[PDB]
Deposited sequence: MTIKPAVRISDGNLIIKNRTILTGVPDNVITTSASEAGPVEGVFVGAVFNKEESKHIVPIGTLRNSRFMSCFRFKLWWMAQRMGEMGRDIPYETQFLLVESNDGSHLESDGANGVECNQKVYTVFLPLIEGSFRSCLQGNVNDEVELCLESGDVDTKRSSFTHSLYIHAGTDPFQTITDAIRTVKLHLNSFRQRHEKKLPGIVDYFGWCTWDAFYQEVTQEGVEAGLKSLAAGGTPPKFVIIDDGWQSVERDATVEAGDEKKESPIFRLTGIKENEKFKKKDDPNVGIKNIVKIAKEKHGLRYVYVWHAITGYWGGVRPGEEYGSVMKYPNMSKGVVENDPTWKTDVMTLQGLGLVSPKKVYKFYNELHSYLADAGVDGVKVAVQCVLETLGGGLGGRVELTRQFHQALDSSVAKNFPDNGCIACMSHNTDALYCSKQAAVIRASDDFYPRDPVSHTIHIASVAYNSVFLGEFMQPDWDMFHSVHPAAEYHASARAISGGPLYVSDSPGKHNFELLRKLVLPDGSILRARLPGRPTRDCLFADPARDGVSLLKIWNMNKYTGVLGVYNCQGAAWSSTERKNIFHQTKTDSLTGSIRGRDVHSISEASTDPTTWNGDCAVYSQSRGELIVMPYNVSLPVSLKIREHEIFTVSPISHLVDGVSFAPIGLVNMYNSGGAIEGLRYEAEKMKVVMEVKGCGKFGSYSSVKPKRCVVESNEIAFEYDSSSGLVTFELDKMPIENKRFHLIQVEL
């Protein structure tokens, strides 16, 4: 049977994960299609209610990782061993068995949303809420799904697919179209000007980054462009057009079209995005007949308030939101977005998403109001921004995730806070662990950062390995181009990795923000290399007592951990012959400038102090003949070097390697022997060769000529 409840125990492949499983908990593996390698779990109750806690069982001595909502809008990670350690508002839970990994996915069923939570007795409890007193229920069959496997990343994906086949309300990440912005460098106005952003400031920032040789090809005009008014009072949307700062200096009938033309035609941007809340603005839309806006006041749910008590006295909660009617929500988004699309705007960054869950009172609840708003947002986006131009922001609730049918980019953490020194380590931990779960739905966006900042290289390097959009919110003139050149090429393009950056197998269950012992290792893939980033992000975490992000004591400053080729979980998929491949890798340290050969399973020591990091490119070695091995590295002066290699063919019969490389700069490869000739576009070129390490090195001079996209490279051993 494989996943079953016998006696009062939940049993996974002959290991007891939970005990004391109460009588009223019903399971089922039946489906549409029809048996399933796991178990939908529900419960039946006496009373009809809008809220229910139900013990699923008792969890002891079984290491887990959780993503839990520390604010209404965002998730972060927590590890532990006992049920009591499971935070309120836990939305994804991963359990290990000392070999076997088990995922618990609390789900949406009908009008109800579920999350998990611990209590003092180590019970894992399932909290089912509708977010509206008028919407009540007593039986549930499908509120939690449990699935087990031996690869923890595959286990997660397989459970998500099964949940998709049941709900049909969302698509997996790999099934959605990414917007073009992910392939380019961008700039976001938010940290530069905040709400004081003007059209002259937008131009200033685009101009200054292009001047330094790293021209952005997209821009996010962030919060500050819209027309808003007060009734410290909350602002509400008064119209869908732009405010006075984005009307031309001259002719007020030309609006945001102006900064769009200037960005595109004058400054050579490809895309322009703008920001709006899902509700219009922070305080919604000013009440009116037009969009049916009526004042609503956020309802507090206990889990949220327990972890984020300041949400109780937040401005949106006390002063309320003008909530567009469901009957009119499509009209609202379509008229807003039609205006923008007609002005040359290519997408929207849509924020404040989770409020919807608090406004379902009298309206069907949190799941239904969320489905309705998202259905209409998705229609409006597909219509008006057909490049799928939507970035999800403040959207870490499951209500939204399990109805994510179209949108393909999601902010994966709380904001970048240039001025809060506690935030930087936490940001990196959060973004990695959250991406384990959010990445199954959308491509994670690791947020803007600043190029001139003490933690600049820490953020930048992590963004390079994220697989996400790469953008800064530098103020005009406050740039570090030596840093930016490691991320962005002269035409604005980046070296994006294929997957969401994620923690390695050996970090999934060791909390690198809290355990004072481990470095965080993050992996990702390119076509022909993996990449691995190592971070000491110790010293700071969300506190369960203070309920906010704080510094905490750690015994050392410096920590030692180890790196292995197989830390890059999917590294086989970079090898040109994964059946013959013996598992050995060329490991290039970006910072130290060192190439080392690492045999399958051999560990390499890495030492890092807090806020330090190191990036390694990891290339499977190909064995052409005895004594002639090779592995491509890529653009060695960029963080994700391996991201440059577009094609790779080994012709062992002619002792030759053929590569298609994009970009320009110093190219690097591993070779156990001195090449005979290195050729770039049918022309021999000079190279250097470190005989001791095998590092081959030459210059790719210009960006590819044309339109012709890749440099063709032949390395002749």
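Student: Point out each run of deposited residues with no C-alpha coordinates, keeping the order of the sequence.
Tutor: Seq positions lacking coordinates: 1 to 4, 103 to 119, 253 to 263.
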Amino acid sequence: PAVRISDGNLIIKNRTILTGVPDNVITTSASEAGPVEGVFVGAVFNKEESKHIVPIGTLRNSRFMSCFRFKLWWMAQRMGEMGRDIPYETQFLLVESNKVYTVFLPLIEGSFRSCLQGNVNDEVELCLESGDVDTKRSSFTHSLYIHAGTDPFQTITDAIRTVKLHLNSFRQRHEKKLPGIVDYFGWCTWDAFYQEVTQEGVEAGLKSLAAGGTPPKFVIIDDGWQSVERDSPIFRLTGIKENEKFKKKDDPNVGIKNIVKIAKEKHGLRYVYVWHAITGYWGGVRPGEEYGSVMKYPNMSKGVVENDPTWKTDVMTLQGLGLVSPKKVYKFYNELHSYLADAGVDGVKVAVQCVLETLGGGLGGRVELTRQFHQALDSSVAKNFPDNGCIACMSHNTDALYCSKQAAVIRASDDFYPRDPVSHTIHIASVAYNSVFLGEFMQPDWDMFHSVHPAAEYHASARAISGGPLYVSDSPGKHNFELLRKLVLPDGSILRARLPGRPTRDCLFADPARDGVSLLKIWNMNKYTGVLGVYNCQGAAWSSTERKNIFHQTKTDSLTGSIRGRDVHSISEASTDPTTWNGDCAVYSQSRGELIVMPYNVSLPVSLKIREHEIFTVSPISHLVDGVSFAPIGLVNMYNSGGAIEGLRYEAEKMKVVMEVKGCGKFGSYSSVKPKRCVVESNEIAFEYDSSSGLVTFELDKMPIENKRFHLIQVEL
From here on, numbers count along this sequence of modelled residues.
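Student: Got a sec? Mean C-alpha B-factor, which is higher, 699 to 707 or 16 to 24?
Tutor: Looking at the recorded C-alpha B-factors, 699 to 707 comes out higher on average.
Student: Comparing 127 to 135 with 397 to 405, which has the greater mean CA B-factor as deposited?
Tutor: Result: 127 to 135.
Student: Looking at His459, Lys249, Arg161, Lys486, which has the highest Cα B-factor in the entry?
Tutor: In this record, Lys249 carries the highest C-alpha B-factor of the candidates.
Student: Per the PDB entry, which option out of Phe667, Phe45, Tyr670, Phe70 has the greatest Cα B factor?
Tutor: By C-alpha B-factor in the record, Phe45 ranks first.
Student: Within this chain's modelled residues, let me know which third the CA B factor of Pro500 belongs to: lowest, middle or highest.
Tutor: It falls in the bottom third of the chain.
Student: Looking at the C-alpha B-factor of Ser619, is it in the lowest, middle or highest third of its chain?
Tutor: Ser619: CA B-factor falls in the middle third of its chain.
Student: Against its chain's modelled residues, does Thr358's Cα B factor rank lowest, middle or highest third?
Tutor: For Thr358, the deposited C-alpha B-factor lands in the lowest third.
Student: For the chain shown, is the CA B-factor of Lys261 in the lowest, middle or highest third of its modelled residues?
Tutor: Its C-alpha B-factor belongs to the highest third of this chain's values.
Student: Mind checking which third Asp346 falls in for C-alpha B-factor across the chain?
Tutor: Its C-alpha B-factor, which the entry lists for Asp346, ranks in the lowest third among residues of this chain.
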